[PDB]
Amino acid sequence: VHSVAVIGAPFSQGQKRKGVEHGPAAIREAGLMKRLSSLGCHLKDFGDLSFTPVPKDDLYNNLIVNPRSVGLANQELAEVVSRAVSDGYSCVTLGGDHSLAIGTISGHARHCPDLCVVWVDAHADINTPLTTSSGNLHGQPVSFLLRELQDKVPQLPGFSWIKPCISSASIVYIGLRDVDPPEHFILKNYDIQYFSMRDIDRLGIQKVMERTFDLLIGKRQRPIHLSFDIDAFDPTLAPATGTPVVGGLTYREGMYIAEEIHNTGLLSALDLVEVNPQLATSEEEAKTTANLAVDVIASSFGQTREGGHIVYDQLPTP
């Protein structure tokens, strides 16, 4: 039995590809609430938030895209996550692009001073506004949150409300395979631990999950924030996403990550982002992606491959 809050965040201004705002609708349509109900989760649906748009919000310093809208949407999102967490729920946020982790992690840290993050993605999303080549804020969220990067991050319009709330030793990446040269420098230079697809190929997902927990919760229990980008999966399994990168996690590795997070019993918040149903070549590819998003969330709250969720007490005798 878990108390689970669900928040829909139909937001796309962190990137340029249309349709990721329909990700919460597609995940809900795939039967998320019914699947969580069937696991025995006490649910509170906060619905799908309507973000206050910014009319005059264009290209900043000939590089940063929609900073005012991204900053504002995340400020609003942080308040809802804060409420859900302070009300004692494990907070599930449906994206929407990955810039939404600024809001979810900021809102979660308002109640958990010792929170740790497991970031599952093909990308590190740790470019600063000065290292980004694209200027898309979904490839930059971790830079605003990390304490060690405060002196490397300029003040963006709409971002003055953010306070760095996580240290370099409190975030572990899993699934990396498309990292920009400044991002690689940031990971190495600041000793941020990561398990790229190459590390998974060598160690295997079991050792990857063991080492992740040893680094984060080896010394003490801590609330875990699971920030799961659907593009961490191979594009054959998750085609409906904006930045697919070949050679991703298998369905089995993805479920394994989600199961191990459940087994800690320390899961406090989950982000499931970057499901863009409009980018799938067919309705079945949109549905496949959406169903995979439901399986990650369900496994993070007790769904297992061995079918031991619904406890049986007695077998009928003849």
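In case it trips you up, residue 1 is the first one in the sequence shown, and so on. Whichever C-alpha set is largest while still superposing within 1.5 Å between the two forms counts as the rigid core.
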(request) Please work out whether 47-55 or 34-42 has the higher root mean square C-alpha deviation in 8 other deposited structures of this protein relative to the shown form, with the rigid core as fitting region? (result) 47-55
(message) Out of 60-68 and 22-30, which one drifts farther from the shown form in 8 other deposited structures of this protein in terms of CA positions, with the fit done on the rigid core?
(response) 60-68
(message) Please compare 304-312 with 15-23 and say which has the higher mean C-alpha temperature factor in the record.
(response) 304-312
(request) Between 149-157 and 82-90, point out the one with the higher average CA B-factor as the PDB entry records it. (result) 82-90
(request) Have a look at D271, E260, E274, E29 and flag the one whose Cα has the highest B-factor in the entry. (result) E29
(request) Select one of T250, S37, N61, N66: the residue whose C-alpha shows the highest B-factor in the crystal structure entry. (result) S37
(request) Consider only the C-alpha atoms of the modelled residues in this chain, order them by B-factor as the entry records it, and name the third containing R110: lowest, middle or highest. (result) middle
(message) Split into thirds by Cα B-factor across the chain's modelled residues, where does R222 land: lowest, middle or highest?
(response) middle
